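Participant: This is the structure I have questions about; it appears just below.
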Amino acid sequence: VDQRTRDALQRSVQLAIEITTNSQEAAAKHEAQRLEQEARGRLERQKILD
Amino acid sequence: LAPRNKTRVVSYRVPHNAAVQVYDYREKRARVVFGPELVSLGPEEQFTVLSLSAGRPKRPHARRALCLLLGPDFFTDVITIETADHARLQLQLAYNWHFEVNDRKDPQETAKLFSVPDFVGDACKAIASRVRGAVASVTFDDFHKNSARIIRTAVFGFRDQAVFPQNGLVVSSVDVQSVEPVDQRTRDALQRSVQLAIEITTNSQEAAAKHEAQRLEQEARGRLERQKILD
Amino acid sequence: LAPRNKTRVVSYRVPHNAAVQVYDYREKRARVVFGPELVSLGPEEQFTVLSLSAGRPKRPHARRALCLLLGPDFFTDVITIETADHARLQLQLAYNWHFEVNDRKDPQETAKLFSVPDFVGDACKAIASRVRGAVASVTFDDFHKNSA
Ligand SMILES: NC(=O)c1ccc[n+]([C@@H]2O[C@H](COP(=O)([O-])OP(=O)(O)OC[C@H]3O[C@@H](n4cnc5c(N)ncnc54)[C@H](O)[C@@H]3O)[C@@H](O)[C@H]2O)c1
Ligand SMILES: NC(=O)c1ccc[n+]([C@@H]2O[C@H](COP(=O)([O-])OP(=O)(O)OC[C@H]3O[C@@H](n4cnc5c(N)ncnc54)[C@H](O)[C@@H]3O)[C@@H](O)[C@H]2O)c1
């Protein structure tokens, strides 16, 4: 019935949206770090062989 | 228009996949006429007028009808629901329906088609209640990525058709068309999310290009050093 | 235009790959006429008028028709869908379709062609619902590289 409860629920849903976006960003960052580490290791081994 | 001749026998042409109900108030006998047949009223018979539901939000008493159409059709309703995260979002569904008349010569089963005064609004409100009940216990993200399965499981059960035994009406399928959040701020947040996803993809491609360039540079440097040693 | 002669037998020329439904309300007998044949109404028969869907977004009740075309055709619709990354993107599809009439002499199977009041809108909305449901669980990049 009250508008203030609706406002609170709107803030809750916006926080949930922010949570989802932050989760996707963290997953992308972790994948990028893994790929960078793999590339660095391969480069170091190739330097040793050279 | 042109006034009818009151002394002429009143007649009506039932369409294909349709039926009418008339009761002979004098001889005390009801009948349901099926198919494309032509129905002529007796001196005391009457037509069972049906007041149904229609409109974008399916308001009641918006379409008076004389014959009941019992062929494969569909009606669409706009359902507003809320998720477990309290995100308000409205739907647009389509309900494929048809009447299952096992025996067209049965005075009891055929009378059941007109038993429900308004099958359209009844079915729409029942399915809307089912969908609203099932969704409210589901978060916004899971519903967004799985709305089809959630809605199909909500409307039906554990089942391919949502049969209504009051009149024989069955809903053989549901087709969700649009799922849009009611509030603009949720749309803005989702736009920011999609822009961040685009940025993620571009950054990934840039990192891959940089790694390949570094590998090629290292290979060239090694070959150059070996050639210098040989020289 | 020029008013028709009401006393003349009403006739219609069904095109190739088309059919009509007429019911003789007096003799109580329906029939579906196929092919390029010419259909003449009896004193009490009527034509089954079909109200179909048409337009760029496929609005309903935009094309009234008298004969049903059952030959290889296609209709196009504009579908707006959303990805798992919440990226809004609209589509333009084309649906190659045709009616499979196993027996043109069967009073039951041939009557099934006119069973659905509007096949165009029904098929368009069903396929749009399928496409929208499948895409929503797919990220934007995977859909972009593999939309087909
Ligand atoms: N197979 C198909 O896809 C198919 C078949 C028939 C009709 N259609 C069309 O799909 C459209 C859906 O539009 P909408 O639902 O947004 O419009 P709407 O909400 O105004 O339609 C109300 C519903 O009531 C039903 N209805 C109307 N008159 C009736 C009668 N005399 N007896 C029994 N039922 C009756 C119709 O089937 C319709 O689905 C309908 O207008 C219909 O013409 C589709
Ligand atoms: N093989 C082919 O590629 C092929 C074959 C026939 C027609 N076409 C043409 O492709 C075009 C596609 O255009 P659109 O879909 O954007 O226009 P649209 O959306 O206005 O077309 C509506 C659809 O309804 C169908 N239709 C029209 N009148 C009909 C009737 N009396 N009975 C049954 N079905 C009927 C048409 O095939 C059309 O695809 C059609 O106009 C058609 O002329 C292509």
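Participant: Let me confirm something: among B:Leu70, B:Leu66, B:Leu50, B:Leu41, which residue is more than 16 Å from ligand 2 (Cβ to nearest atom) and farther than 30 Å from B:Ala126 by Cα?
Facilitator: Answer to the selection: B:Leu41.
Participant: If a residue has to be more than 11 Å from every other protein chain (Cβ to nearest Cβ) and either under 16 Å from B:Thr80 (Cβ atoms) or more than 15 Å from the chain's Cα centre (by Cα) (or both) to count, how many in the stretch B:142-162 make the cut?
Facilitator: 4
Participant: Now for a different question. State whether the residues of the stretch B:172-183 include one that is in a helix (DSSP H, G or I) and surrounded by 13 or more Cβ atoms within 10 Å (Cβ to Cβ).
Facilitator: no
Participant: Can you give me the number of residues within the stretch B:184-205 that are loosely packed, with under 14 Cβ neighbours inside 10 Å, at the interface with chain A (Cβ under 10 Å from one of its Cβ atoms) and more than 26 Å from A:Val13 (Cα to Cα)?
Facilitator: So the answer is 1.
Participant: Further question on the same structure: From the list C:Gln108, C:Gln92, pick out the single residue that is within 30 Å of B:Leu196 (Cα to Cα) and not hydrophobic (A, V, I, L, M, F, W, C).
Facilitator: When all the criteria are applied, what remains is C:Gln92.
Participant: Related question: Test B:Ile229 against the stated conditions and say whether it is under 30 Å from A:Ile19 (Cβ atoms) and more than 10 Å from chain A (Cβ to nearest Cβ).
Facilitator: Criteria not met by B:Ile229.
Participant: Also, quick follow-up: Kindly indicate whether A:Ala32 is in contact with a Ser or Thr (Cβ under 7 Å, 6 or more places away or on another chain) and at the interface with chain B (Cβ under 8 Å from one of its Cβ atoms).
Facilitator: Yes.
Participant: Sticking with this structure for a sec: Among the residues of the stretch C:117-126, which ones are of a type outside the set (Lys, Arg), within 14 Å of ligand 2 (Cβ to nearest atom) and not in a loop (DSSP other than H, G, I, E, B)? Can you show your working first?
Facilitator: Step one: list which residues in the stretch C:117-126 are of a type outside the set (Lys, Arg), which gives C:117-124, C:126.
Within this subset, residues satisfying the condition of being within 14 Å of ligand 2 (Cβ to nearest atom) are C:117-124.
Residues satisfying the conditions are C:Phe119, C:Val120, C:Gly121, C:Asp122, C:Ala123, C:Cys124.
Participant: So which residues in the stretch B:116-146 are over 30 Å from B:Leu69 (Cβ atoms) and out of contact with any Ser or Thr (no Cβ under 8 Å at 6 or more places or on another chain)?
Facilitator: Across the stretch B:116-146, the qualifying residues are B:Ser137, B:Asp142, B:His144.
Participant: OK, next. If you check C:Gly121 against the conditions, is it surrounded by 18 or more Cβ atoms within 10 Å (Cβ to Cβ), within 13 Å of ligand 1 (Cβ to nearest atom) and within 11 Å of chain B (Cβ to nearest Cβ)? Spell out how you get there, then give the answer.
Facilitator: Values: surrounded by 18 or more Cβ atoms within 10 Å (Cβ to Cβ): yes; within 13 Å of ligand 1 (Cβ to nearest atom): yes; within 11 Å of chain B (Cβ to nearest Cβ): yes.
Yes; evaluated as a whole, the condition is true for this residue.
Participant: Among the residues that make up the stretch B:168-179, is at least one of them away from chain A (no Cβ under 14 Å), among the acidic types (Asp, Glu) and on the phi < 0 side of the Ramachandran plot? First the steps, then the outcome.
Facilitator: First, the residues of the stretch B:168-179 that are away from chain A (no Cβ under 14 Å): B:168-179.
Those left that are additionally among the acidic types (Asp, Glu): B:175.
Remaining after also requiring on the phi < 0 side of the Ramachandran plot: B:175.
Checked against the condition, which is being away from chain A (no Cβ under 14 Å), among the acidic types (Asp, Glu) and on the phi < 0 side of the Ramachandran plot, the stretch B:168-179 yields at least one hit.
Participant: May I ask you to list the residues in the stretch B:55-109 that are surrounded by 15 or more Cβ atoms within 10 Å (Cβ to Cβ), away from chain A (no Cβ under 14 Å), over 22 Å from the mean Cα position of the chain (by Cα) and in a loop (DSSP other than H, G, I, E, B)?
Facilitator: B:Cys67, B:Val101, listed by residue number.
Participant: Please state which one of C:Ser129, C:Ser137 is within 10 Å of chain B (Cβ to nearest Cβ), assigned to a loop (DSSP other than H, G, I, E, B) and under 24 Å from B:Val179 (Cβ atoms). If you could, list the steps in order and put the result at the bottom.
Facilitator: Details: C:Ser129 fails: assigned to a loop (DSSP other than H, G, I, E, B).
Just one listed residue meets the conditions, C:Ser137.
Participant: State which residue is nearest to ligand 1 (Cβ to nearest atom) when the search covers only the stretch B:43-54 and only residues that are surrounded by fewer than 15 Cβ atoms within 10 Å (Cβ to Cβ) and in a loop (DSSP other than H, G, I, E, B).
Facilitator: Among residues in the stretch B:43-54 that are surrounded by fewer than 15 Cβ atoms within 10 Å (Cβ to Cβ) and in a loop (DSSP other than H, G, I, E, B), the one nearest to ligand 1 (Cβ to nearest atom) is B:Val49.
FYI the Cβ positions are ideal-geometry reconstructions off the backbone, even for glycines, and counts take in every protein chain you see. Each value in this text was obtained by applying a stated rule to the coordinates, not by laboratory testing.
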